[PDB]
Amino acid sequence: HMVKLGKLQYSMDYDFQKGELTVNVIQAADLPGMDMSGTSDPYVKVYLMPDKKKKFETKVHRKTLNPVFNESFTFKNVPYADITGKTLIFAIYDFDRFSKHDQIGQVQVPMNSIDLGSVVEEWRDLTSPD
């Protein structure tokens, strides 16, 4: 029996001519409750490894384990020769006004393991923060 951390739905729109990757953070489902009340205040950070310079962040959603983000971010200067060596990371956090934001889990997508020409949605299970 594997730990259940929820799942994330995203989609990607890669522009091969301009070398630009648009990432759509659509929604998360079945997140665990991080707070005493059994709920969370989720948000997502998005970045590309090994760059880890551009770190996009979604708005913070309040008191929900099934947030619908519908946010889009565009990475630039990622021509085809460059993007396939990178790994896209979604890191999901529980916001807290005062304390450190606890990481719930993460989704790692090696860019060489998918079809960059696909624009339809994908669900991925969250794995452990590490």
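Residue numbers run from 1 along the displayed sequence.
The stretch 75-83 shows the higher mean C-alpha B-factor when 39-47 is compared against 75-83 in the entry. The stretch with the higher mean CA B factor, choosing between 85-93 and 30-38, is 30-38. When the modelled residues of the chain are ordered by C-alpha B-factor, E122 sits in the lowest third.
In this PDB entry, the Cα temperature factor of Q108 sits in the middle third of its chain's modelled residues. Annotation for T58: CA B-factor lies in the lowest third of the chain's modelled residues.
Per the PDB record, residue ranking by Cα B-factor puts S99 in the highest third of the chain. Placement of the Cα temperature factor of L21 within the chain: middle third of the modelled residues, per the deposited record.
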